[PDB]
């Protein structure tokens, strides 16, 4: 039997337990390159790796004295200038085989003396050549190309690395450090219940998904990274048009597209701007009956998928993606998309975007 996305989703709980138990050693490796701190970071990543970076960015910036810029690497190589104020560069590629990410790091290594870290699931892959250190996201080899556990591993590894960096640079104290670890431990404990809740939600609403012509996920701040990975996952698997959007970006064009067949997910986190999400959900629910909320802790009705733990908005993207990983798989299979039958398998090599054929079952 070939693995499926569910194979890997079911492996996330233990994988994250291990990452949380062992994160200080990778963080120490990174810290040793920037012993006086590193105020300005550049992350070079594409696809789910870029979405992972976007998902972790504000958690890191909230705790550490750090500003993170995230750039698509092909664009970066050919069109961007390097900042003279850069203190650390991180390249992220789960496979370590995306040519754009590799090539962008090579350019940074050739042009600047800034420390370069690679983050990957295969520390012997091609990306390692152009980094001072190469760190392991802790996923192992994921043999389904519609990445689930590897995305989650990247997000958690980034967050915990930033957490430790904040502590080592004396931006937070031991109590805050430990309380953050406790939050992640509780979230990991909630993974099976989160899977169960998503199963229940899917079973309840499956008739609304079978012929849905369009999906949209709306988030804000940290959860824009979750919306981008929703987009990537749904596009690749469900294969109907799917969009992940910032709440306020939505208000300057996308709202005009809404029709009564749109299926729209609202990602709700506790924040200074939640009232704006509530206004928009109430408004759009008048025009489409196919609205859903994903949120933490509390729920009000059966159109809300309640993740049974509490995370703050910065931590939230670690677990907020999980329901969507599952829904992408289940809705794709419902539509008859047969996800173990691979498609466009010659593309990465033909297009010069991958060093090798995908190592997928």
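Numbering follows the first chain given and starts at 1.
Chemist: Please work out which of 319-327 and 30-38 has the higher mean CA B-factor as recorded in the PDB entry.
Modeler: Mean CA B-factor is higher for 30-38.
Chemist: Is the mean CA B factor in the deposited entry higher across 108-116 or across 280-288?
Modeler: Averaging CA B-factors over each stretch, the winner is 108-116.
Chemist: Sort the modelled residues of this chain by their C-alpha B factor and say whether residue 304 lands in the lowest, middle or highest third.
Modeler: Middle third by C-alpha B-factor.
Chemist: Thinking about Cα B factors across the chain, which third does residue 225 belong to?
Modeler: According to the entry, residue 225 has a C-alpha B-factor in the chain's middle third.
Chemist: For residue 96, return the chain-relative third of its C-alpha B-factor as stated in the PDB record: lowest, middle or highest.
Modeler: As the PDB entry reports it, the C-alpha B-factor of residue 96 lands in the middle third of its chain.
Chemist: Mind checking which third residue 4 falls in for C-alpha B-factor across the chain?
Modeler: CA B-factor rank for residue 4: middle third.
Chemist: Ranking every modelled residue in this chain by its Cα temperature factor as given in the entry, which third contains residue 61?
Modeler: Its C-alpha B-factor belongs to the lowest third of this chain's values.
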